[PDB]
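The chain below stands alone and is given as structure tokens, in the form solved without the partner chain.
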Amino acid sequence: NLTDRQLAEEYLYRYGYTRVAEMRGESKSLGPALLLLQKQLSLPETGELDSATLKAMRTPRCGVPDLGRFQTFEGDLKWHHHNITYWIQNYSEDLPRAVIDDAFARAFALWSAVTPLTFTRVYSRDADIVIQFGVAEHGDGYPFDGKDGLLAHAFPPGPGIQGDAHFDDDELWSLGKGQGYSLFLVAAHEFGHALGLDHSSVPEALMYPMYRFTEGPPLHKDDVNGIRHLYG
């Protein structure tokens, strides 16, 4: 029961819009930050807390920031070897273990066709991409928010926590039918970040930050070109 205005202030802060408005001398009213968000999400650029902007802010999405408050990390944020390993550290009880394993394998198979990298499952803490399910504060100081709102987050390529992918288990994980969010579609978006991709402004793109259920092929031209500009 946040008000529409309280939701707007929280959204603009969480995803980096308020910090950018501060750097431009324009954080004492909502309008300038709203214009930065409408440009970034490809909404009409009104500067108002209008119906299209409120509908966007209420839409479940990725927990990675858009414009600001990104942490300082080690290295140039791409992988420098070909065989990327992953470890499924724990399981949601919402799906059978073999269905969770296959959702992650399918999400990696989407990227493998369009990148010179391979993805291989291991059972070891020193995998490149460690996958975890967690609730609220889950060990990295970037807490989840309970049911709906942000669904998951991931870290850009590098050592340790870098490249890792976390899924909010206060969500109901499914394949996106009946109830719950598609673990396949969320994992596919989060693995893009774990390969070094940013958010897209193209609403149809996999790397757009909002969750959109589809039964169609998830990759768009903007996603494939994004990976091409990283690894060839």
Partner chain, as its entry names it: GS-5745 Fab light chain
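In this text, the rigid core denotes the largest set of C-alpha atoms whose superposition between the two forms falls within 1.5 Å. Shifts are known only where both forms have a C-alpha. Positions refer to the first chain, counted from 1.
Separately, the form solved in complex with the partner chain exists; it is not shown, and the next lines address it.
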* Structure fact -> the partner chain in the entry with it bound has a heavy atom of only one listed residue within 4.5 Å, and of 78, 82, 125, 147 that residue is 125
* Asked: Is residue 115 close enough to the partner chain in the entry with it bound to count, meaning some heavy atom within 4.5 Å?
  -> no
* Counting only non-hydrogen atoms and a 4.5 angstroms cut-off, does residue 139 reach the partner chain in the entry with it bound? -> yes
* Any of the heavy atoms of residue 120 lying within 4.5 Å of the partner chain in the entry with it bound? -> no
* Of 68, 60, 203, 47, the one whose Cα moves 2 Å or more between this form and the one not shown after core superposition -> 68
* To do: Only counting residues present in both forms, give the runs of 3 or more in a row whose C-alpha shift is 2 Å or more between this form and the one not shown, core aligned.
  => 68-70
